[PDB]
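*Asks:* For reference, this is target02.cif, and it has mmCIF, C-alpha atoms.
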```
data_coords
loop_
_atom_site.label_atom_id
_atom_site.label_comp_id
_atom_site.auth_asym_id
_atom_site.auth_seq_id
_atom_site.Cartn_x
_atom_site.Cartn_y
_atom_site.Cartn_z
CA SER S 1 116.92 -89.94 -42.57
CA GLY S 2 113.82 -92.12 -41.85
CA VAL S 3 112.72 -95.80 -41.91
CA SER S 4 110.74 -96.78 -45.01
CA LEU S 5 108.39 -99.76 -44.45
CA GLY S 6 110.79 -101.67 -46.69
CA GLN S 7 113.72 -101.05 -44.38
CA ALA S 8 111.58 -101.86 -41.36
CA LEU S 9 110.54 -105.24 -42.72
CA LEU S 10 114.12 -106.18 -43.58
CA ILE S 11 115.29 -105.21 -40.09
CA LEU S 12 112.59 -107.52 -38.77
CA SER S 13 114.03 -110.23 -40.93
CA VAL S 14 117.49 -109.49 -39.59
CA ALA S 15 116.19 -109.44 -36.02
CA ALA S 16 114.75 -112.86 -36.78
CA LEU S 17 117.95 -114.10 -38.42
CA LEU S 18 120.19 -112.93 -35.58
CA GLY S 19 117.50 -114.01 -33.10
CA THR S 20 117.66 -110.67 -31.33
CA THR S 21 114.87 -108.23 -30.30
CA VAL S 22 113.91 -105.85 -33.16
CA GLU S 23 114.95 -102.97 -30.84
CA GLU S 24 118.51 -104.39 -30.77
CA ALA S 25 118.53 -105.27 -34.51
CA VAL S 26 117.60 -101.70 -35.46
CA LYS S 27 120.05 -100.29 -32.90
CA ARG S 28 122.86 -102.35 -34.54
CA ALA S 29 121.74 -101.46 -38.06
CA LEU S 30 121.55 -97.71 -37.46
CA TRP S 31 124.94 -97.93 -35.67
CA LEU S 32 126.43 -99.74 -38.70
CA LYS S 33 124.81 -97.42 -41.29
CA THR S 34 126.64 -94.42 -39.77
CA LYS S 35 129.87 -96.22 -38.84
CA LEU S 36 130.24 -97.33 -42.51
CA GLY S 37 128.25 -94.57 -44.23
CA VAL S 38 126.10 -97.02 -46.15
CA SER S 39 122.33 -97.27 -46.57
CA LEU S 40 120.34 -98.69 -43.69
CA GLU S 41 119.39 -101.53 -46.04
CA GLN S 42 123.07 -102.14 -46.72
CA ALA S 43 123.73 -102.12 -42.98
CA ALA S 44 121.06 -104.74 -42.40
CA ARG S 45 122.38 -106.75 -45.36
CA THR S 46 125.85 -106.61 -43.80
CA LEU S 47 124.47 -108.00 -40.58
CA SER S 48 122.79 -110.77 -42.57
CA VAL S 49 125.91 -111.64 -44.60
CA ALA S 50 128.01 -111.78 -41.40
CA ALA S 51 125.44 -114.11 -39.80
CA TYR S 52 125.24 -116.18 -42.99
CA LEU S 53 129.05 -116.60 -42.94
CA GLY S 54 128.94 -117.48 -39.21
CA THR S 55 131.41 -114.64 -38.54
CA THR S 56 131.51 -111.26 -36.75
CA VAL S 57 130.52 -108.12 -38.67
CA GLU S 58 134.03 -106.63 -38.59
CA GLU S 59 135.48 -109.89 -39.94
CA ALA S 60 132.98 -109.88 -42.81
CA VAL S 61 133.68 -106.22 -43.60
CA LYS S 62 137.43 -106.77 -43.46
CA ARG S 63 137.01 -109.55 -46.01
CA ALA S 64 134.70 -107.51 -48.21
CA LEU S 65 137.25 -104.66 -48.27
CA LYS S 66 140.03 -107.08 -49.33
CA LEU S 67 137.66 -108.04 -52.25
CA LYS S 68 136.69 -104.39 -52.92
CA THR S 69 140.32 -103.37 -53.52
CA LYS S 70 141.42 -106.67 -55.12
CA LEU S 71 138.56 -106.76 -57.69
CA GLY S 72 137.61 -103.07 -57.82
CA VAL S 73 133.99 -103.67 -56.78
CA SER S 74 131.70 -101.79 -54.40
CA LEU S 75 131.53 -102.89 -50.79
CA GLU S 76 128.01 -104.28 -51.22
CA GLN S 77 129.16 -106.21 -54.28
CA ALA S 78 131.99 -107.63 -52.18
CA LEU S 79 129.48 -108.67 -49.57
CA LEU S 80 127.29 -110.30 -52.22
CA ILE S 81 130.30 -112.26 -53.46
CA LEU S 82 131.06 -113.56 -49.99
CA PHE S 83 127.42 -114.49 -49.51
CA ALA S 84 127.07 -116.19 -52.90
CA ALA S 85 130.27 -118.20 -52.39
CA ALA S 86 129.06 -119.24 -48.93
CA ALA S 87 125.67 -120.35 -50.24
CA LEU S 88 127.30 -122.34 -53.05
CA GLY S 89 129.94 -123.77 -50.70
CA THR S 90 132.78 -122.80 -53.09
CA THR S 91 135.64 -120.28 -53.18
CA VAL S 92 135.15 -116.56 -53.87
CA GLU S 93 137.21 -116.81 -57.07
CA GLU S 94 134.86 -119.51 -58.36
CA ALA S 95 131.76 -117.58 -57.33
CA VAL S 96 133.21 -114.42 -58.98
CA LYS S 97 133.97 -116.39 -62.17
CA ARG S 98 130.46 -117.83 -62.39
CA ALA S 99 128.84 -114.45 -61.70
CA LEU S 100 130.84 -112.59 -64.38
CA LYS S 101 129.95 -115.63 -66.60
CA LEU S 102 126.20 -114.96 -66.01
CA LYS S 103 126.65 -111.17 -66.22
CA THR S 104 128.13 -111.35 -69.70
CA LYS S 105 125.91 -114.25 -70.90
CA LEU S 106 122.65 -112.50 -69.93
CA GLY S 107 123.52 -108.75 -69.95
CA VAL S 108 122.68 -108.24 -66.27
CA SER S 109 124.27 -106.57 -63.25
CA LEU S 110 126.99 -108.42 -61.39
CA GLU S 111 124.60 -108.08 -58.48
CA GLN S 112 121.82 -109.69 -60.49
CA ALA S 113 124.16 -112.48 -61.55
CA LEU S 114 125.09 -113.26 -57.96
CA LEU S 115 121.45 -113.23 -56.91
CA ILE S 116 120.59 -115.62 -59.72
CA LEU S 117 123.33 -117.87 -58.43
CA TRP S 118 121.88 -117.62 -54.89
CA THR S 119 118.32 -118.27 -56.09
CA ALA S 120 119.56 -121.49 -57.72
CA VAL S 121 120.94 -122.58 -54.34
CA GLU S 122 117.59 -122.11 -52.61
CA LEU S 123 115.50 -123.65 -55.43
CA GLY S 124 117.82 -126.67 -55.58
CA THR S 125 118.06 -126.22 -59.37
CA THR S 126 120.70 -125.42 -61.99
CA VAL S 127 121.43 -121.75 -62.81
CA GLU S 128 120.22 -122.50 -66.31
CA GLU S 129 116.82 -123.63 -64.95
CA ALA S 130 116.56 -120.74 -62.49
CA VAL S 131 117.14 -118.21 -65.32
CA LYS S 132 114.56 -120.13 -67.37
CA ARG S 133 111.88 -119.84 -64.70
CA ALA S 134 112.71 -116.19 -64.00
CA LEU S 135 112.45 -115.34 -67.72
CA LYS S 136 109.15 -117.23 -67.84
CA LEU S 137 107.69 -115.08 -65.04
CA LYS S 138 109.22 -111.86 -66.36
CA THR S 139 107.24 -112.39 -69.56
CA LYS S 140 104.08 -113.92 -68.02
CA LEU S 141 103.61 -111.02 -65.55
CA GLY S 142 105.46 -108.16 -67.32
CA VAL S 143 107.64 -107.88 -64.18
CA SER S 144 111.37 -107.16 -63.96
CA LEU S 145 113.86 -110.02 -63.76
CA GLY S 146 114.57 -108.99 -60.19
CA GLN S 147 110.92 -109.31 -59.38
CA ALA S 148 110.79 -112.65 -61.20
CA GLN S 149 113.65 -114.13 -59.17
CA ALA S 150 112.26 -112.57 -56.01
CA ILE S 151 108.88 -114.19 -56.57
CA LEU S 152 110.68 -117.45 -57.21
CA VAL S 153 112.54 -117.44 -53.90
CA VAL S 154 109.49 -116.20 -51.99
CA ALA S 155 107.48 -119.05 -53.50
CA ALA S 156 110.28 -121.28 -52.20
CA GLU S 157 110.45 -119.84 -48.66
CA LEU S 158 106.66 -120.23 -48.37
CA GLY S 159 106.75 -123.81 -49.70
CA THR S 160 104.01 -122.99 -52.23
CA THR S 161 103.60 -122.88 -55.98
CA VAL S 162 104.80 -119.75 -57.73
CA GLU S 163 101.17 -119.25 -58.81
CA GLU S 164 99.91 -119.14 -55.22
CA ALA S 165 102.82 -116.87 -54.28
CA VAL S 166 101.86 -114.36 -56.97
CA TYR S 167 98.17 -114.59 -55.92
CA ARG S 168 98.95 -113.68 -52.30
CA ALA S 169 101.46 -111.02 -53.36
CA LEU S 170 99.05 -109.39 -55.74
CA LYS S 171 96.27 -109.85 -53.14
CA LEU S 172 98.43 -107.90 -50.64
CA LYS S 173 99.15 -105.16 -53.22
CA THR S 174 95.37 -104.68 -53.76
CA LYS S 175 94.29 -105.10 -50.12
CA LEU S 176 97.00 -102.83 -48.61
CA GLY S 177 98.07 -100.54 -51.46
CA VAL S 178 101.73 -101.53 -51.45
CA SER S 179 104.01 -102.16 -54.41
CA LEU S 180 104.87 -105.65 -55.59
CA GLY S 181 108.32 -105.28 -54.07
CA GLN S 182 106.81 -104.45 -50.66
CA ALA S 183 104.24 -107.30 -50.82
CA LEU S 184 106.95 -109.84 -51.57
CA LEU S 185 109.04 -108.44 -48.72
CA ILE S 186 106.07 -108.62 -46.33
CA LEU S 187 105.25 -112.20 -47.36
CA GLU S 188 108.81 -113.46 -46.85
CA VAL S 189 109.34 -111.54 -43.58
CA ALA S 190 106.06 -112.89 -42.20
CA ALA S 191 107.13 -116.42 -43.24
CA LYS S 192 110.56 -115.98 -41.62
CA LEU S 193 108.93 -114.46 -38.49
CA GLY S 194 106.37 -117.30 -38.50
CA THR S 195 103.50 -114.80 -38.18
CA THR S 196 100.64 -113.49 -40.24
CA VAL S 197 101.16 -110.77 -42.81
CA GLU S 198 99.10 -108.42 -40.63
CA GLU S 199 101.30 -109.02 -37.58
CA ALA S 200 104.47 -108.56 -39.59
CA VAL S 201 103.25 -105.27 -41.06
CA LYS S 202 102.05 -103.88 -37.74
CA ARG S 203 105.52 -104.69 -36.39
CA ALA S 204 107.17 -103.08 -39.39
CA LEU S 205 104.95 -99.99 -38.96
CA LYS S 206 106.23 -99.56 -35.37
CA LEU S 207 109.67 -98.92 -36.97
CA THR S 208 108.39 -97.09 -40.12
CA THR S 209 108.81 -93.27 -40.00
CA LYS S 210 109.37 -92.57 -43.75
CA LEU S 211 106.51 -93.27 -46.23
CA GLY S 212 107.29 -96.23 -48.55
#
```
Can the structure from this file be put into structure tokens for me?

*Replies:*
Amino acid sequence: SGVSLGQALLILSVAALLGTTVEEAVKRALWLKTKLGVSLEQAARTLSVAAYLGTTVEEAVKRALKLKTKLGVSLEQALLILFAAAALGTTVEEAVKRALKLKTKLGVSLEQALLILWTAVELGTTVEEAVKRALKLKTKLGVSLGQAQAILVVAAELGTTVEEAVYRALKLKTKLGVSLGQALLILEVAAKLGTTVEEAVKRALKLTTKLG
């Protein structure tokens, strides 16, 4: 029970994505988190997958649950599938094949594999090249693969070099005393909101009750 800064930022991003007020975004998210008994993050993510698919939230969930039972995955994983497949513009079976192809090939989570696939979409590169870049960062900065891919996409959303992205991220981790995760989040949210980092955070803090 409580809103970590992280959750708050995401919800901002959702509010943005839906194009609703952040009061209504958070109302919907907290309503979904209880109705489904998921994390708040997962509730926001579900809102964002439904939007991404151009569907209603029930419809998305109904579909996820047909993939949860059919493939024996977790709900979130089912949502990720749907999202990945959308992004690609393929079928779920194809998406699922490619992801379990990356999962085995690289020794990662299914979730990681999907996200790699989605990063590739955004970067406009091959999945081989995306993994390349992510492994380059992982090593260069001693960061996790997740971080690496995150940085990549954030660098993309900003329309800046990965170097400059890191600079600003690190600069926000020093200036504000956040983790790298948080900084990246903040950067992307602010870019999606079309505001400063300071504005985005102040907005996030209005929702933050827990201490991330």

*Asks:* Find the residue from S:130, S:203, S:79, S:105 that sits nearest to residue S:21; use all atoms listed in the file when measuring.

*Replies:*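 Distance minimum relative to residue S:21 lands on S:203.
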
*Asks:* Residues near residue S:110, anyone? I mean within 8 Å using all atoms listed in the file, not counting same-chain ones fewer than 3 positions away, as an mmCIF file with C-alpha atoms, in the frame of the given file.

*Replies:*
```cif
data_model
loop_
_atom_site.group_PDB
_atom_site.id
_atom_site.type_symbol
_atom_site.label_atom_id
_atom_site.label_comp_id
_atom_site.auth_asym_id
_atom_site.auth_seq_id
_atom_site.Cartn_x
_atom_site.Cartn_y
_atom_site.Cartn_z
ATOM 1 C CA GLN S 77 129.160 -106.210 -54.280
ATOM 2 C CA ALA S 99 128.840 -114.450 -61.700
ATOM 3 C CA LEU S 100 130.840 -112.590 -64.380
ATOM 4 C CA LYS S 103 126.650 -111.170 -66.220
ATOM 5 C CA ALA S 113 124.160 -112.480 -61.550
ATOM 6 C CA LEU S 114 125.090 -113.260 -57.960
#
```

*Asks:* Have a look at S:159, S:72, S:19, S:54 and name the one nearest to residue S:188; count all atoms listed in the file.

*Replies:*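 The answer is S:159, which sits nearest to residue S:188.
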
*Asks:* Residues picked by the PyMOL selection byres ((chain S and resi 123) around 12) here, as a PyMOL selection string?

*Replies:* chain S and resi 87+116-122+124-131+133-134+149-162

*Asks:* Work out how far apart atom CA of residue S:93 and atom CA of residue S:46 are and give it in Å to one decimal.

*Replies:*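 Going from atom CA of residue S:93 over to atom CA of residue S:46 covers 20.2 Å.
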
*Asks:* Using the chain letters and residue numbers of this document, give as a list in words the residues selected by the PyMOL selection byres ((chain S and resi 170-187) around 8).

*Replies:*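 Applying the expression gives residues 5, 6, 9, 10, 147, 150, 151, 154, 166, 167, 168, 169, 188, 189, 190, 191, 197, 200 and 201 of chain S.
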
*Asks:* Can you list what the PyMOL selection byres ((chain S and resi 95) around 9) grabs from this structure, as a PyMOL selection string?

*Replies:* chain S and resi 81-82+84-86+88+90-94+96-100+114+117

*Asks:* Could you turn the residues from that selection into a file that holds C-alpha atoms, as a compact mmCIF listing (two decimals), keeping the file's coordinate frame?

*Replies:*
```txt
# COMPACT_ATOMS: atom_id res chain seq x y z
CA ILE S 81 130.30 -112.26 -53.46
CA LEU S 82 131.06 -113.56 -49.99
CA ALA S 84 127.07 -116.19 -52.90
CA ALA S 85 130.27 -118.20 -52.39
CA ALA S 86 129.06 -119.24 -48.93
CA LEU S 88 127.30 -122.34 -53.05
CA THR S 90 132.78 -122.80 -53.09
CA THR S 91 135.64 -120.28 -53.18
CA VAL S 92 135.15 -116.56 -53.87
CA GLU S 93 137.21 -116.81 -57.07
CA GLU S 94 134.86 -119.51 -58.36
CA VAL S 96 133.21 -114.42 -58.98
CA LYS S 97 133.97 -116.39 -62.17
CA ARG S 98 130.46 -117.83 -62.39
CA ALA S 99 128.84 -114.45 -61.70
CA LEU S 100 130.84 -112.59 -64.38
CA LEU S 114 125.09 -113.26 -57.96
CA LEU S 117 123.33 -117.87 -58.43
```

*Asks:* May I ask which of the residues S:198, S:163, S:76, S:111 is the closest one to residue S:41, counting only C-alpha atoms?

*Replies:*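 Using only C-alpha atoms, the shortest distance to residue S:41 belongs to S:76.
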